[PDB]
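In: with the input below, show me the fold.
(5 chains, ligands or ions: 4)
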Amino acid sequence: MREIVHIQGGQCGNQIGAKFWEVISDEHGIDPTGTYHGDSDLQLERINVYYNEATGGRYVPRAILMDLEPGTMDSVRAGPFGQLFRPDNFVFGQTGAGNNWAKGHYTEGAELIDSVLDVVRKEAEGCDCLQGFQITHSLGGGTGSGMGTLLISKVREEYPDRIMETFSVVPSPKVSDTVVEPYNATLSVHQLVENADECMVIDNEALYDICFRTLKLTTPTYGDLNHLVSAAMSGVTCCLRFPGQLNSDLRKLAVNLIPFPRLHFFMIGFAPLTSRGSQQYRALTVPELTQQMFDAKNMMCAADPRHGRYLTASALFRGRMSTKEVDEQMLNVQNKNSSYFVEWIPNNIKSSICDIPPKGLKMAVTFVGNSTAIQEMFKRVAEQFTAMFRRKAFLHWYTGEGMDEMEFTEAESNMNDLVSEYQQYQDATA
Amino acid sequence: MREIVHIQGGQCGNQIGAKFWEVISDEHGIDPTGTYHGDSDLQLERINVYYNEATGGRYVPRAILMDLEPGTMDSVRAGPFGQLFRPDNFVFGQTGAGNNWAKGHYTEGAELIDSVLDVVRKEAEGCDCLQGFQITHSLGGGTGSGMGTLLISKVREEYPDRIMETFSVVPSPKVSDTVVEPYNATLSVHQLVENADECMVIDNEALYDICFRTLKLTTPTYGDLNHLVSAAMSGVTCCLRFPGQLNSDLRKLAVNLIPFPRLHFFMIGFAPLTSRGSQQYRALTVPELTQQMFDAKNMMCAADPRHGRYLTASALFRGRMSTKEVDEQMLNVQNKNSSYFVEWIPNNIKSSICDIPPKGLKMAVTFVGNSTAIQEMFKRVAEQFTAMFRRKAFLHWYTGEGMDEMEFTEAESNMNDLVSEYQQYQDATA
Amino acid sequence: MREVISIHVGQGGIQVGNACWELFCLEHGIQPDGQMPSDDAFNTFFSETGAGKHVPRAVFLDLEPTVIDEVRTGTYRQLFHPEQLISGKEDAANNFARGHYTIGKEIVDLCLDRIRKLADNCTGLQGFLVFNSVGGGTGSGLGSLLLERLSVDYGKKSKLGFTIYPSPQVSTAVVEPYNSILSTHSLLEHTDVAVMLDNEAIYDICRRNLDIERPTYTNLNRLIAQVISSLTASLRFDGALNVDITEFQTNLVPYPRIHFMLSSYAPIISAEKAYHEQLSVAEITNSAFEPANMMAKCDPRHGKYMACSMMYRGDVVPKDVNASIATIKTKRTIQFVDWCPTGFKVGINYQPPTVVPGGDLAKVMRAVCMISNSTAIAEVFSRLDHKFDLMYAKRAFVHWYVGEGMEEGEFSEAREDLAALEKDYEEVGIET
Amino acid sequence: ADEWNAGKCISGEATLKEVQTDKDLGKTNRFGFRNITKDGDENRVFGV
Amino acid sequence: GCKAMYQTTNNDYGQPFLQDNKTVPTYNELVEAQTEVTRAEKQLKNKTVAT
Ligand SMILES: Nc1nc2c(ncn2[C@@H]2O[C@H](COP(=O)(O)OP(=O)(O)OP(=O)(O)O)[C@@H](O)[C@H]2O)c(=O)[nH]1
Ligand SMILES: Nc1nc2c(ncn2[C@@H]2O[C@H](COP(=O)(O)OP(=O)(O)O)[C@@H](O)[C@H]2O)c(=O)[nH]1
Ligand SMILES: Nc1nc2c(ncn2[C@@H]2O[C@H](COP(=O)(O)OP(=O)(O)O)[C@@H](O)[C@H]2O)c(=O)[nH]1
Ligand SMILES: [Mg+2]
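Out: Numbers count the residues shown, from 1 in each chain, chains lettered A, B, ... in the order given. Ligands and ions are numbered 1, 2, ... in the order given. Sharing the structure here:
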């Protein structure tokens, strides 16, 4: 009933999707063998949203794994919860991308996209009434941003009314990992804005800061960073799988958060997060949930939310709490801090309540906010691109595969167009 | 009552027939020594279709083995299930045809066929009420290609109102094992189209592709290919040998599949087929069975359905299932692929339901399709034929045994006429 | 004293006949072996053997032995007469010419001899009930032949045909529009009453009321059997307003050429959602006129009504029917033809319907079955006419028919008869 | 210088739960529209 | 994994009656016994999970 199909691509996307199915299965009580072993009945009413039933009584997720190199998928199949995935859903190349956007979108991706698009269609027609797609990928690589944006563009043609979700791990200057990040990142934004309906940017810089300072663990790893993304992603669609006071699926979030069609880039956050040695001293109440919710350091992005004005924010409350107290906190924040909220839209905060909290927790909140402060991330990416593009450095590989510098100029202008248009609503007055 | 006799010629035909008899004996519960040890009443309910009862209570197949070389004959005699056949039915020459259609159709075939026609007449007059003939042969080998078609001509001359079936393996371009192959292929087709009521075409390359992609077998062999062909063959007479909701026989299939007298060349396929690794991840349902059925990669032929339009198609379903589901699936696929279906005949799909699934499976499907895309094989064969015939290469072997170039010209003209008239209805519109 | 003979031909007719005889045995308590453990209502369908068992008054006819051998090996072997199960060797195989010119000629002699051996035993014969699916070889081939022979051998005996016409958009065969029209020519002037029983309507009924998303043919056949029992229920059961078979064509047929009608049934509910509604007479009669509840895929709102013969079985009170019928006339969406002021022929019976053990239906105090004649039935003849013209324009599938002994020009008369029938419906429907 | 799958994988294993027919033919497994009556009244006529 | 965590709202609609009709406490004792009720409310969490 209103199912959603999940597609993960690239090295980073597979790692994000590897831990996502670990969290969901534990929430629904599914072992590595796919046999239900839960305790409460509520875990089975809407289990078909994410899982398909197979003959013999085991549940197989509707997940599609795609890459140009078999290195990462051979690692994910041998790990725990790696037997759930249908063996026919693995699609791979044999050449790799090498952080070359043209290779993953024009030369190599163009000849493999036909095979993966077929299995995408097969899962979609299997569902009774499709709700939409959710994609996990990274914008700093070839195979990630190459076929990732290609696949969304193709999917939009055959499903023009279904929704689309993307969780983009975009690069940050402080945590540098590739010398050609600005090139392929600004190219993907050009094509991503035209097709996707919901995009939620994530920076490794923010995840490293929240682990070291908030969670206060000495030696973090990619497993811990992937864990924080999994909890936030599952909290977005939690109300679609469990009963609650106010139901709000992904379509309802898009309507209330998107004032204009080109402004669909959000930044997310999850609460509560506490250290291992200080969880006894805190109190789990709505007032303390919301104060950490609005913390600038709790966001999953390098952008500082106090440098701009919020356009519209969404809060998904999990657990049992009084509805009056939830709204009273929301109204109180908007009044005491009138300088940080856009004024020509009255009551620009959305509240949703669901009855089922995450396993091992009493209360939780997932925060999604469309804020004008996100322009800073596009500003810094633009500076690095134009500085390096002026000397035409590292360019002949992008132009050596049938692509021309004309597309480069168009992409930077369009991303410049987005930044200027995105800012001018911050200065707008009634 | 309404029984059929089986006759096989050539090495490939003999292998196909041996594996078919093994499959039929396993399905009917007949041991290799000819004694009945079945477990269900329906196993013995209609055993008279394929077997004869002799003194002592043992069953012998009504199969007639013909050849010009005793090597494969002795091999199949010493192989497993080689004791079922009556020793008298073995008729063979002592010289061989040497892959020469002229040698197999004029020199030794004319002098040898008297005895095999005598035994065929004996079986046909011995059976209570003949239903038809089915013949397994290949169009590449000289002895099969010639003697089989001469025997088809004689049998049609002597029994006008019965049905004739031929399961023929036509030449493939990529997998070639003979150099004079197009010549005797065209010569066989010219005689076959005139007399054979039905013709079913198989490709070794198509079988290799199926077993390597769908089945994911590392080392396929002729045993596996013959097993696939035998299952697809037994699927046709399943409904004649077992009860069902909508029973259908060979004459029913012929009437519902053949619009025009010379358009009687079909392609077949079998479902379900899954690898051992993905065996437990699949769910057996009518929608997925029809999806695999209409998948072009499941066809036993290299011809691509997307290169033509279907005239008529048939789907024999085995197992207990609802009729409304099958009818709705057929209507849905016909409406979804309306551009791929000829438009001047409404509802060009025939469905039959049988209540006995194959041993080991809860459900199974056999597909017989008459589509305009089959002209490609004749096009390629005629191209090779004319390329070799423009230089008169290898022609002295055929001209030194009674034939002349006018017969070759007539055969080429007839093949071209078949191709043109078969393509006419593809673009014919109402 | 009153008897009817049942003729079953073709797989479609046989596979619904055995379901009907299952229902008839339950109504009279006759065990499947034929004996009765512990007044003569059964006499209309059964005949006493003299000591013990009761045998059905029906003859099974087919050219293929698959279905007949299923009955002979089934648990109903001991019920039917061993030599009343006539079977052939070669199938007709969707070919009308085979069943009417080649193979059906050698079997019709055997069936008429048995029917003669069955009519002399009966003394107050009422008529014939013949079951056949039109869109088939032996169903249309033999069915046409039996109708022709019976009409001259017996004459004035009323013949009722329960035919199953092909569905509008879904079908099993591909050439059935050909042999549907060919049999249409035969049955027009040789059967008194014909009933439309396509499969699409019955599929929708199971999906909405009984909520059966994947029904098999047996569910369809059980529902058909209930209608037949209701129609005959006034013959073998005492009632307040009894109706005889001869009192159908006098009250349902305006003109001799107009005798095609479609049926409806109500209530059709499961045994768990029956607790939540009272099944009053006022609402069961309203569900009968629901266009989605018609047994034929036709929308009655597209045409007028000529007459309606609707029967209640159970504990209905005569005053209740008049109150319900008066509301129908006051309704505007249901309009009758101008030259027929009263159009309701209503009968009341004291025999509530029975239910087979393990069946889908639930047992209730009231049920209504309808046979209605309306002008809206003109659509179905047009849609098959459209399909036939598409294929015949290029003579597809014709070489199979001309080669079996039938003239090529016979298709002209068959097509021209349907056009004549359409001209009658459009002519009668206009006002005066 | 080939496991048990040598064309036998067309019909292999298929434990007893797989082979049994579908999940429901000609019956509704929905709670509200099912056919079974409760224990209290194994047979009662469904009207007024 | 706690079983009490899965209890949800909209189950708060009518559900029996904890206190039966035949053992209604008098008004006098309800006033008198508020000392333990307040005492139980304050330290219930302190002796169960705080230890
Ligand atoms: N309602 C219903 N219709 C059936 C059933 N079985 C077959 N039919 C109808 O019969 C039509 C095809 O004819 P068949 O009954 O299969 O075969 P036949 O009537 O015996 O005629 P032949 O082809 O000569 O065997 C189909 O289009 C169905 O609509 C059934 O069990 N119930
Ligand atoms: N959160 C997270 N990020 C990762 C992981 N692996 C790689 N990344 C990020 O992905 C970026 C490099 O992406 P890349 O591997 O080139 O993407 P690809 O081209 O699709 O393979 C780096 O900046 C990393 O921060 C992971 O396991 N978890
Ligand atoms: N499927 C299948 N094809 C075979 C087999 N043996 C031979 N063939 C095919 O038959 C063709 C040669 O035919 P040939 O044996 O000369 O026919 P013959 O002269 O009548 O015996 C080759 O192209 C093979 O592909 C077999 O066991 N199975
Ligand atoms: Mg039949």
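In: for the rest of this, base every contact and every neighbour count on C-alpha atoms.
Out: Fine.
In: neighbours around residue A:428, how many?
Out: Residues lying near residue A:428 (other Cα atoms under 10 Å in any protein chain shown) number 10.
In: and for residue A:363?
Out: Using other Cα under 10 Å, the number of residues around residue A:363 comes to 21.
In: may I have the residues that are in contact with it?
Out: By Cα atoms under 8 Å, 6 or more residues apart in numbering or on different chains, the residues touching residue A:363 are A:272, A:284, A:285, A:317, A:318, A:319, A:320, A:357.
In: find the closest residue to ligand 3 in the stretch 51-200 of chain C.
Out: Per Cα to the nearest ligand atom, residue C:93 is where the stretch 51-200 of chain C lies closest to ligand 3, at 31.9 Å.
In: over to chain E?
Out: Closest point on chain E to ligand 3, by Cα to the nearest ligand atom, is residue E:1, at 58.3 Å.
In: wait, that residue touches residue A:361, no?
Out: No: using Cα atoms under 8 Å, residue E:1 is not in contact with residue A:361, being 9.5 Å away.
In: quick check, residue A:164 in a strand?
Out: Yes: judged by DSSP: H, G, I helix; E, B strand; the rest coil, residue A:164 forms part of a strand.
In: which residues touch it?
Out: A:132, A:133, A:134, A:135, A:196, A:197, A:198.
In: next one: residue A:275
Out: Residue A:275 neighbours (Cα under 8 Å, 6+ apart): A:214, A:215, A:216, A:217.
In: now do the SS call for the last one.
Out: What three-state DSSP gives for residue A:217 is coil.
In: burial of it, as a residue count?
Out: Around residue A:217 there are 13 residues (other Cα under 10 Å).
In: for the first one, same thing?
Out: Per other Cα under 10 Å, the neighbour tally for residue A:214 reads 14.
In: contacting residues for it?
Out: Per Cα under 8 Å, 6+ apart, neighbours of residue A:214: A:273, A:274, A:275.
In: also residue C:303?
Out: Counting by Cα under 8 Å, 6+ apart, residue C:303 makes contact with C:374, C:375, C:376.
In: quick one: end-to-end distance for stretch E:9-17.
Out: Stretch E:9-17 stretches 18 Å from its first residue to its last (Cα to Cα, to the nearest Å).
In: the helices in the stretch 251-400 of chain A, which residues?
Out: A:286-293, A:323-336, A:375-389, A:396-399 (DSSP state H, counting those that start in this stretch).
In: give me the buried positions along the last one.
Out: Neighbour-count burial for helix A:396-399 flags residue A:398 (criterion: 16 or more other Cα atoms under 10 Å in any protein chain shown).
In: same question, the third one
Out: Taking 16+ other Cα under 10 Å as the neighbour-count basis, helix A:375-389 is seen to contain the buried residues A:375, A:376, A:377, A:378, A:381, A:382, A:385, A:388, A:389.
In: over to the second one?
Out: Residues A:326, A:330, A:334 are the ones in helix A:323-336 that count as buried (16+ other Cα under 10 Å).
In: please name the nearest non-neighbouring residue to residue 3.
Out: As the question left the chain open, I've gone with chain A. Take residue A:3 and drop its neighbours on the chain: the residue closest to it by Cα to Cα, 6 or more residues apart in numbering or on different chains is residue A:49, 4.4 Å away.
In: that's the wrong chain, I meant chain E
Out: Of all residues not flanking residue E:3 in the chain, residue A:40 sits nearest, at 7.0 Å (Cα to Cα, 6+ apart).
In: so that neighbour touches residue E:8, yeah?
Out: No: the criterion here is Cα under 8 Å, and residue A:40 misses it with residue E:8 at 11.7 Å.
In: tell me, what's touching the two both at once?
Out: Counting by Cα under 8 Å, 6+ apart, residue A:40 and residue E:8 have no common neighbour.
In: if we can go back for a sec, of all the contacts of residue A:214, which comes closest to residue C:283?
Out: Of all these, residue C:283 sits closest to residue A:273, with 61.6 Å by Cα to Cα.
In: since that was my last question, I'll sign off now.
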